[PDB]
Amino acid sequence: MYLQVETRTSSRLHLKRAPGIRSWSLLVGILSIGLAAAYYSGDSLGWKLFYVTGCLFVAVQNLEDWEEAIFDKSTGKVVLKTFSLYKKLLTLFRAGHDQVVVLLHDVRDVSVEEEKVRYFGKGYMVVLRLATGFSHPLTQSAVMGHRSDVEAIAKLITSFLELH
Amino acid sequence: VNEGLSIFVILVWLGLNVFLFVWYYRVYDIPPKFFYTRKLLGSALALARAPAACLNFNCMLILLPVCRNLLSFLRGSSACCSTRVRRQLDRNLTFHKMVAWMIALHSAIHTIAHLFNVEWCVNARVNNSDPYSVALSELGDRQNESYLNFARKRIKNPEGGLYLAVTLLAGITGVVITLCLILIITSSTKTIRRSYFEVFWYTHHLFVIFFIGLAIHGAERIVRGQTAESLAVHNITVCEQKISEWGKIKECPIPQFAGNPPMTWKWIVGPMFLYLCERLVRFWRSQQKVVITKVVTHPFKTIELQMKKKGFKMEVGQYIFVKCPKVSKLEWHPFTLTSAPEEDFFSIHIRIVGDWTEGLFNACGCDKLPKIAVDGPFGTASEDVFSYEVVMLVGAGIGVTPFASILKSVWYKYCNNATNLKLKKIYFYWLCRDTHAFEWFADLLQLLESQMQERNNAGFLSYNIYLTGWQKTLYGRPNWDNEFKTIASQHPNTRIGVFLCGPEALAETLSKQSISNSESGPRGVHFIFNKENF
Amino acid sequence: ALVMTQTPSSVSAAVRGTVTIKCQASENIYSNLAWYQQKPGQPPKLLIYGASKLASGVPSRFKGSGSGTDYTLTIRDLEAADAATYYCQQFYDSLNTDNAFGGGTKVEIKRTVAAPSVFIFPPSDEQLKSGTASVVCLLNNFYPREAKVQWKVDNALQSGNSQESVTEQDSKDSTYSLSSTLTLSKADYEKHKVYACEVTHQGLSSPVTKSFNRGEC
Amino acid sequence: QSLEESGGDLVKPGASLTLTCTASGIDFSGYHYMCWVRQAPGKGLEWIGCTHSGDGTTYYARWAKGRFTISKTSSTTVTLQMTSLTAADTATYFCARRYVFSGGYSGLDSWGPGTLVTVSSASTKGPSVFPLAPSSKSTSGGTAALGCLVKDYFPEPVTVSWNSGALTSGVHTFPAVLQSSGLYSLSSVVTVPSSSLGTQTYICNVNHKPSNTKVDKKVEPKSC
Amino acid sequence: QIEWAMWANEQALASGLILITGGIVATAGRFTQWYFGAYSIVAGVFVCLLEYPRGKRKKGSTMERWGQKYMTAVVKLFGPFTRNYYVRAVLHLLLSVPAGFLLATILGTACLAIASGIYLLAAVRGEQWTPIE
Ligand code: HEM
Ligand code: HEM
Ligand SMILES: *[C@@H]1O[C@H](CO)[C@@H](O[C@@H]2O[C@H](CO)[C@@H](O[C@@H]3O[C@H](CO)[C@@H](O)[C@H](O)[C@@H]3O)[C@H](O)[C@H]2NC(C)=O)[C@H](O)[C@H]1NC(C)=O
Ligand SMILES: *[C@@H]1O[C@H](CO)[C@@H](O[C@@H]2O[C@H](CO)[C@@H](O[C@@H]3O[C@H](CO)[C@@H](O)[C@H](O)[C@@H]3O)[C@H](O)[C@H]2NC(C)=O)[C@H](O)[C@H]1NC(C)=O
Ligand SMILES: *[C@@H]1O[C@H](CO)[C@@H](O)[C@H](O)[C@H]1NC(C)=O
């Protein structure tokens, strides 16, 4: 699924997204593969730890991202957020987090774009057609398949932003 | 596909390749474990094994994007791919070509070295070499001993290599994959890829077979060295000239040889260093701060800033991010580049519409300025305008901002080359309820057509400020029926490009008659609509 | 560290017989032996190498066979000019050893019993004049080595100064010969008049005397 | 194809000596060991030290470690050097080549003659060739025996012959024996027919290099 | 509309280079039966010099290799011999037989055979070597 509707009201449409079963399972699998290659058959001394940390870094880099794009109606100012594993861990200090913010009075409409993957299907995401002349995607990632969920999300955003 | 776009990356790649080659050459030439093997094989052993070590790293470098795609498919997501500007695109292909050619060179060296090696190996088996080589080769004919010469059959030197390359693994796959590499390199030649694609892309898919053959290729551990356990017992530097009494005396037991370890991976160092260098390059290129050069005022609140930043490519039709830590330490705002390439400043036009923008007035007085940080030039490019002959520009409301980028760029290319500028006339049509707070563009229009009149030319002109409802002002809807026909009759085979920017209410009203106007044949009148795409 | 011994010390075989010698080591030497034959003169000569092969020019009578730690050499067609000493050497361990050459065997030809020939010899004038005087009794051409010589002077037992030497077996008819010399000084040479040597041998029915009278030389 | 060594004679106890072995027709090259052995007088053969022509690997018996040194010089000479000589090392010394036959098994062929190294504190003395009276009255079936006796010679390099080797039938040279005086005695005899007494060609020839003695005498028949 | 003459040209050039390299390696290395090394060197030189020009497409304009005219000025004087891809394919097939008797240059006699096959495929469709000038 694309995004889980957290709060639905007449003044806020907070959205959220977190890694699911697939990402965690892939991380576990690649970690197991790296650990087995390091220890089950490892011969050279000292390089096993190097293989372990390389596999750990590759696995961490290949995890999904936390995305929270909240919509606000009072004073507009729709903001977007995106956290990696490092950023999500660092925000546990509650200090704060940077965020890309777009004015709400300037967004014209929302249209679903298409991302092309060479040998594996296609990618889908929702972008904002800003009136200034550029299009800003709602989430930096995409999703394979699940056309209906993306269309439903786009319809919900269209209904909230303006009645027309 | 990935690339580095850096001379530093190319230099570090060449250094890594040279270091890997030298290191593996020394590793397979120096130690006394590979003493009898190199004694039989001459200097070909290292010259044949080091290129394989470099080739593994280069081949993984080639294959990496497909692994990235497979991992993305596995995750169920896919990072938004970067756009194309014909410069970030036609520099990755250069890296691909260099890596492919280096792979070809190293494969040639390795193939030549092993072709030389096989001759000596099959010559020593028969009674056609020096006594030491034939004495060494006649091992493994009995029990409790491991051979060293892999050519365990005496036929002849000619036609012996032919039988060896067929009856033995890693010899048939070598031929198969070198044929695949030759076919791949020949297929992707110019005048075959440029003119045709049914024979370039289809044939270029031999890489799957090439990679499968390469993966199968390293197996059976044919090249053998003396085992570590038996090395201490043998005491080689004493039992070296007693080749005729091995096993029959206690001091010189028969040596035993085993292949290389089957899972060692010391060549990953290369891909890892290349990745870390790319990331550090991206870090340097993004740490440099931005310095404000010129700040100007405008009627109402249309303050425009001109700043210079090192290592920036403005491109055209993009959008950057602006962040002032004084106003807020965790906010990025997007803005559109209202400038032209090959300039030095940015010229982002901001207008006070909220509170953060007003934070550049009360905190940053106009009558010792905030440190503005700029993220980068994201967004898709707009270069189809520069690649056409006639254009049909139609702005609307607040959205004429990006047009100022094109107009300030089209004239610059005229003063430089005046030959690649294929444009004929900008049929600019501006529609608005009022020009109350957009004086910075109407000023530009008279500063372009009149300025370019110095060179005795008025080709484009066509400033058409129009009024929709409540200085050639129509005071109403600029009806499009018969408007395009009068200008479409001048040049047969019309390729007029219309770039609308406005609500969908008037969008479909432009394409309804475009298809009706068109007719069959490469002669008729037609203007292409890009819809929401620019 | 490595001990190599020969089981038989001295085998005896008649002409046209058989000879067997066993050399056994203290470790498993991978058939790296070599058997040598040493005549009373000349340096030893190699016979077989590798415990089974043959040298160049050696008759095929010599045979060797064995494995592990026990090895054997078999002699076919024993004949004259074949009485010598045989040794076994191990070319396997040469860094901690004491002899590495076996002990040796003393095969000699066995023939029929022969009757020894007996001779006597008086000292001449120079030995009588200068220092001690020596009398020589000689036994010639007898096969059985068990020969006894008794030195009797004035029909009385004499001993102390009596030494004998026996030649090695000849390689033509397998016989022996020994000589006994008794040294006597000038002090009592003139006191004694008649002396002789008593020779007893299994080839002779009765002991033989060679009566000699001093002063007639 | 023939070896030969020399350079040993009577030396005082505790001194040092060097023996050199040379060969004609053999080049000391390849991978054939050179293998020195010695034999006590009338005893079994003993192994001393036995080196390698190729490279310089050398091996020695346990009882002769460090006291003996073996070197190869000029590709045609092999030297054995002995230090702190005692009374036990009074044996003959052989120089032999350890041929490595095809396959790996090795043998000790192409030996060289001996070299009577003797260690004692006495001094060399010349021998007498005291003749032996023929059987003028000791006749036994028309056959007579006659010879000579040598009394005192230390290093035992004594060679005997009949008419300078002309007669070699019926000869008998009994081995040397000890005496209470520390010297060595030897007797040589020959059996001849009675009618052979007419021929006077019965001469005792002895050789003694250390004393430089080549005294020759004729064993005349006892007329009296 | 697709033609196979350009790919055949490139493949033949690559095969000629491979044959020359293999012949150099075999002859300079004093390999057993080195005569075929010299023969393969000669064959590779002939193949490389025979078709340097990249024909000329009947549809538009084709780029030319460096020093183009100096070879097509020599090759064009063979109406039936040249300009007939049957002859080119047959010559390439015949020229690759004696060079396949060694482990060296064994790749020279396979890539060149593939080039001959592609040349035959271009020939049956109906094509000719039109000179470029
Ligand atoms: C002169 C030599 C070569 C040239 C000019 C060339 C050209 C190209 C081109 C034009 C592309 C398409 C890139 C894109 O569409 O973005 C490509 C991709 C690719 N080529 Fe090459 N190529 C060459 C050699 C090779 C070799 C030797 C291999 C060996 C495996 C290879 C394997 C690939 C792969 C794996 C891809 C990526 C496929 C993908 O991303 O789906 N190429 N190359
Ligand atoms: C054309 C004839 C060729 C022959 C006869 C040949 C032969 C061999 C042999 C015998 C080995 C040893 C394998 C082992 O010890 O396990 C080897 C290794 C290798 N070959 Fe080749 N080769 C040829 C060409 C090529 C080519 C064109 C490539 C292109 C990628 C290649 C890639 C490799 C690699 C990467 C290794 C290292 C395998 C490892 O380290 O596990 N070879 N080759
Ligand atoms: C290669 O070496 C192996 C040992 O590393 C040999 O295999 C086994 O060796 C043992 C020891 O000799 C054999 O076990 C028993 O040995 C006793 C000791 O004398 C003997 O009495 C018995 O006959 C018994 O076999 C064992 O049998 C043997 N394995 C086999 C399958 O026979 C092996 O023989 C060696 N191969 C060669 C030398 O070709
Ligand atoms: C293979 O065998 C050789 C020969 O035994 C070993 O080399 C030998 O090592 C010893 C101990 O170091 C050397 O003895 C002494 O060496 C020192 C220098 O280290 C030197 O100053 C002394 O005078 C004395 O020679 C011996 O010379 C040396 N021999 C040779 C020919 O190098 C070697 O260690 C063995 N290797 C293996 C892997 O078993
Ligand atoms: C063949 O090898 C044998 C030993 O295995 C050798 O004696 C012979 O000389 C060799 N052949 C030639 C032509 O040298």
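Residues numbered from 1 in each chain as written, not as in the entry; some residues may be left out. Chains lettered and ligands numbered in written order. Heavy atoms only, no water.

Method of determination for the deposited model, per the PDB record: cryo-EM, at 3.56 Å resolution.

Novice: I'd love a proper account of the pattern of salt bridges, names of residues and values included.
Specialist: Scanning all chains against the criterion turns up 26 salt bridges over all chains. Put simply, D:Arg67 and D:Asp89 hold a salt bridge, and the shortest N to O gap is 3.1 Å. Of this pair, D:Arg67 sits in the loop between β4 (45-52) and β5 (68-73) while D:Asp89 is found in the loop between β6 (77-82) and β7 (92-100), placing the two residues 22 residues apart along the sequence. Given the relative accessible area of 25%, D:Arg67 is considered partly exposed. Each of A:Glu114, A:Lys122, A:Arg147 and A:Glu151 takes part in salt bridges that share partners, so that together they form one network. (Salt bridge = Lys/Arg side-chain N within 4 Å of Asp/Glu carboxyl O. Helix = DSSP H or I, 4+ residues; strand = E, 2+ residues; numbered from the N terminus. Buried < 20%, exposed > 50% of the residue type's maximum accessible area, 1.4 Å probe, protein only.)

Novice: So what's going on with the site of ligand 1? Which residues, and what values?
Specialist: Near ligand 1 there are 17 residues, and of these A:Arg118, A:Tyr119, B:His96, B:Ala100 and B:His204 occur at the shortest range. Two or more chains meet at ligand 1, and those chains are chains A and B. Within the side chain of A:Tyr119, one N or O atom sits 3.0 Å away from an oxygen atom of ligand 1. Measuring from a nitrogen atom of ligand 1, one finds a side-chain N or O atom of B:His204 at 2.8 Å. Taken together, the residues of the shell around ligand 1 sort by class into 11 nonpolar, 3 polar and 3 charged. (Near = heavy atom within 4 Å. Polar contact = N/O pair within 3.5 Å; in protein donor to acceptor, adjacent residues only side chain to side chain. Nonpolar A, V, L, I, M, F, W, Y, C, P; charged D, E, K, R; others polar.)

Novice: Just give me the short version of the nonpolar core, but keep the residues and values in it.
Specialist: Counting residues in hydrophobic clusters, the biggest one holds 29 residues, and the most contacted among them are A:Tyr2, A:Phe71, A:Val78, A:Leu80, A:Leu138 and A:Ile157. Looking at which element gives the most residues to this core, the answer is strand β7 (residues 122-130) of chain A, with 6 residues. When sequence neighbours within four positions are dropped, the list of residues in contact with A:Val78 reads A:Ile70, A:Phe71, A:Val101, A:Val102, A:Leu103 and A:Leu104. Listed in part, the 27 residues of the second largest apolar core include B:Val391, B:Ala404, B:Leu423 and B:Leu444. (Core = buried A, V, L, I, M, F, W, Y, C linked by side-chain atoms within 4.5 Å. Contact = heavy atoms within 4.5 Å.)

Novice: Any chance you could break down the interface of chain C and chain D for me, citing the residues and the numbers?
Specialist: Taken together, the contacts link 42 residues of chain C with 43 residues of chain D. Summed over both partners, the interface of chain C with chain D comes to about 3900 Å²; 63% of that surface belongs to carbon and sulfur atoms. Applying the counting rule to chain C against chain D returns 1 salt bridge. With its nearest N and O atoms 3.6 Å apart, the salt bridge here joins D:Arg62 to C:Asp98. Those elements giving two or more residues to the side of chain C that touches chain D turn out to be β4 (33-38), β5 (45-49), β8 (85-90), β10 (117-121), α1 (125-129), β11 (133-142), β14 (163-166) and β15 (176-184) of chain C. Here the side of chain C that touches chain D is composed, by residue class, of 20 nonpolar, 18 polar and 4 charged. (Buried area = accessible area lost by both parts, 1.4 Å probe.)

Novice: Give me the lowdown on the packing of helix α11 (residues 401-416) of chain B against helix α12 (residues 439-449) of chain B, citing residues and values where you can.
Specialist: All names here are of chain B. Contact geometry for α11 and α12: axes closest at 11 Å, N-to-C directions at 20°. The orientation of α11 with respect to α12, classified from their angle, is roughly parallel. As α11 packs across α12, the resulting crossing turns out to be left-handed. Each of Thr401, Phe403, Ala404, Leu407, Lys408 and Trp411 in α11 lies in contact with α12, whose residues at this interface are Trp440, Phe441, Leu444, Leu445 and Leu448. (Axes fitted to C-alpha atoms, helices over the stretch in contact; angles between N-to-C directions. Parallel < 35°, antiparallel > 145°, perpendicular 65-115°, else oblique. Left-handed = near helix turned anticlockwise from the far one by under 90°.)

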